[PDB]
Structure formats: structure tokens, C-alpha cells
Amino acid sequence: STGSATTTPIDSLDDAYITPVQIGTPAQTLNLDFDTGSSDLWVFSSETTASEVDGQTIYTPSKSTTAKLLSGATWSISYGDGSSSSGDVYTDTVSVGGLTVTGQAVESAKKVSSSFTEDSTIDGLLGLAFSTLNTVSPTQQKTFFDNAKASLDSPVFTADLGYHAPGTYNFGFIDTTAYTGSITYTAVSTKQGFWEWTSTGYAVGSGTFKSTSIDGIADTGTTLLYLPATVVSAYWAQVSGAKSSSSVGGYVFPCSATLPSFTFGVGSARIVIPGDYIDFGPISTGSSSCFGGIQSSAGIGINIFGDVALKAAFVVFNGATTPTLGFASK
């Protein structure tokens with residue numbers, strides 16, 4: 001089997017991407033944030049505290065003939081950005097782009113933090129990291145991909161995120177028309193539960209490539225590119241007037257600037273992030289200070305190849321017995 005679904009930016013900045021997902025019988029379609037940095041499929045629901053729902057579409061398990069309470073199971077998750085959610089668990093039928101999993105754990109939120117409430121466009125998350133990170137207790141549950149894997153034509157999924165445009169998540173096949181050149185594969189460590197890999201270096205604009213190992217994670221659920229302070233300083237030094245602002249919470253730059261590209265290495269291959277992908281717009285409405293899309297990972301504890309990086313590539317998440325990651329230009 002295979003599946004193919006379009007993923008759409010939630011706003012004009014590409015802050016996140018939503019993908020329609022069918023849950024239950026008859027189908028209830030919710031727009032979920034596919035997150036390769038976490039491993040829980042959770043949704044706004046009829047159980048979510050009413051004051052914490054503001055415009056989201058909810059899953060109502062009592063209206064699904066295939067829903068079953070997973071008795072005694074609870075979940076609770078906290079994300080790198082400080083947001084959180086928790087609740088109980090159902091199993092139900094879940095379909096993405098025509099690919100169906102029966103008995104998928106659907107984690108129903110009883111509580112969500114303010115950032116989730118305030119984002120009316122995201123109805124929940126669909127985790128695509130390794131199932132070892134799943135938070136369900138006392139019996140850990142499998143991700144949608146883990147459950148689908150054996151049925152797929154090939155044990156892979158791909159992320160093809162758009163810049164200010166829709167893109168695609170495919171399951172079970174590699175669309176050879178969706179990228180240019182060849183796909184370069186690179187080793188993955190699953191020790192921390194992430195799609196963790198080592199970039200071979202970077203360049204800023206038309207500058208020379210610096211060969212240096214940068215360990216980080218491929219994370220579709222993180223907006224920005226978070227890299228070591230040395231690398232980030234080297235980037236922003238090429239933008240007149242750019243500075244790190246403790247009050248704003250990162251590097252800002254004059255909105256009048258033209259940003260240089262940023263290149264990262266994948267083995268001997270190179271992925272180029274155009275400068276415009278690094279512009280996250282005014283820090284507040286009407287400001288002439290703009291927020292940068294490359295930020296320091298210092299104090300996160302891990303480097304994160306988030307959407308800024310991933311949307312410059314066609315990315316293969318290879319879930320073979322020994323997982324790997326592939327990157328192609330597009």
C-alpha cells in the first residue's frame with residue numbers, strides 16, 4: 001500500500017504545516033501537524049476542556065463506530081517550545097492520503113496549553129519520530145508510520161514541504177518526479193528516538209564550504225533551523241545590522257535586508273536554503289525589525305533541522321531495519 005497527502009502552510013510565514021487526516025467511522029477529518037520530532041498522535045476532542053478550544057475541529061469518539069477506549073491509558077507530552085497537552089486514549093481507524101491503519105492509538109486531549117488553544121488551524125499532531133518516544137502509559141503505543149510500515153510497498157515516508165506553498169507527505173514510495181538530481185542517504189542514530197544525523201558542514205551565501213560535523217535532528221514540527229552559536233554568528237555577520245536580541249529571543253535583522261543563502265552538507269552533497277526562506281517577517285506588526293530563520297541551538301541541547309532547512313529539500317525518512325535519511329534538491 002501507499003498514501004499521499006497534501007500539506008499546507010498554516011499562515012503566510014510557513015510557521016507550521018497541516019495535513020488532513022481521516023479518523024473514525026464515518027470519517028472525521030482533522031488537520032494535523034505532522035511532526036518527525038515526536039511520536040504521539042493526539043487530537044483536540046469532545047473531551048478537551050471547553051475553554052481551551054478556540055476554533056479547532058474536534059474528534060468525537062462517541063460518534064465513531066470503530067472507536068474503542070484504551071482502558072487505563074493516559075498520555076502527557078511537553079514540547080521543546082514549552083507547549084504541552086495530555087489526556088486519555090482511544091484506538092480507531094486512521095487514514096492519511098488513502099493509507100489506512102486500523103487500531104491506531106488516537107490520543108484524546110483533555111488539556112492543552114495556551115499556544116495550542118491560540119492556534120485555530122492545528123487540530124492536533126501526528127508524530128513520526130521513533131515509537132520509543134511515545135508517551136502513552138502504562139503501555140507505550142506505536143506511531144502511524146510504525147503501524148503502517150509492514151503494509152507499505154517500501155518502509156519509507158517522504159516530506160516535500162513548500163516555501164509559501166503546499167507540499168506533500170508520501171508513505172510507502174519515493175516519487176522520482178518530485179526532486180532533481182540524486183538522493184544522498186546518510187546514517188541515522190535512533191538512540192534519542194529522533195531522526196538524528198550528522199551534517200558534513202555549511203556555507204554562508206557564496207562563501208567557501210566549512211567542513212565540520214553537525215549532529216542534529218530532522219524535525220518537521222519545528223519551524224526554524226537551530227544550529228551551533230558559532231555557525232549562526234557566521235551567518236548573521238553577513239547581514240548588515242543583524243544582531244542577537246535577548247528581549248526578542250534571537251537574531252533579528254533589518255527588514256530592508258537581502259538575506260544570503262545558507263548551504264548545509266549531506267555527505268558530499270549540498271542543500272541550498274535560499275535567503276528568502278530565512279525571513280520570518282516583522283517581530284511585531286508594523287516593525288522594521290525582522291525575525292531570523294536561523295537561530296542558535298545553545299541551551300536547547302540539540303541542533304534542529306526544522307522546516308527552514310527541510311523545505312529546501314526532498315527528504316526521505318527510510319524506516320528500514322537500519323534507518324537512514326535521504327536528501328535531494330528540488
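Every residue, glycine among them, receives a Cβ derived from its backbone with ideal geometry; neighbour counts consider all protein chains shown. Values quoted throughout were computed directly from the atomic coordinates according to the rules given, and no laboratory measurement underlies them.
In terms of the Cα gyration tensor, with a ≥ b ≥ c the square roots of its eigenvalues, is the range 1-68 rounded because a/c is under 1.5, prolate because a/b exceeds b/c, or oblate? Kindly include the intermediate steps, with their values, before the conclusion.
Numbers: a/c = 1.95, a/b = 1.23, b/c = 1.59.
The shape class here is oblate.
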Q. Taking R0 as 22 Å, what's the FRET efficiency between residue 285 and residue 51 from their Cβ-Cβ distance, rounded to 0.05?
A. 0.25
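How would you classify the range 5-174 from its alpha-carbon gyration tensor, with a ≥ b ≥ c the square roots of the eigenvalues: rounded for a/c under 1.5, else prolate if a/b is greater than b/c, otherwise oblate? Each step should come with its number before you reach the end.
Numbers: a/c = 1.43, a/b = 1.08, b/c = 1.33.
In terms of gyration-tensor shape, rounded.
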**Q.** Span per principal axis, largest first, for the Cα atoms of the chain (Å)
**A.** 59, 43, 32
Q. Taking the Cα centre of the chain as the origin and placing charges on Cβ (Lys, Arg +1; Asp, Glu -1), which of 7, 79, 322 is farthest toward the positive end of the dipole?
A. 322
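Would you mind calculating the relative contact order of the chain from Cα pairs under 8 angstrom and at least 6 residues apart, reporting the percent as a whole number? Don't skip to the answer; put the middle values down first.
Numbers: 875 pairs, mean separation 61.6, N = 330.
Rounded, it is 19 percent for the chain.
Please give the length that would be gained between residue 268 and residue 255 if that part of the chain were fully extended, namely 0.36 nm times their separation in residues minus their C-alpha to C-alpha distance (nm, one decimal).
Details: separation 13, 0.36 × 13 = 4.68 nm, distance 3.40 nm.
Taking 0.36 nm per residue and subtracting the Cα distance, the gain is 1.3 nm.
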Q: Among 184, 255, 231, pick out the residue whose Cα is farthest towards the positive end of the charge dipole of the range 175-330, where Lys and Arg carry +1 and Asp and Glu carry -1 on C-beta, about the Cα centre.
A: 231
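Nearest 20 debye, what's the magnitude of the dipole of the chain about its Cα centre given +1 on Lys and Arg Cβ and -1 on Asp and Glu Cβ?
The dipole of the chain has a size of about 640 debye.
What does the extension gain come out to for residue 111 and residue 150, with contour length at 0.36 nm per residue minus their alpha carbon separation?
Details: separation 39, 0.36 × 39 = 14.04 nm, distance 3.33 nm.
So the chain would gain 10.7 nm between residue 111 and residue 150.
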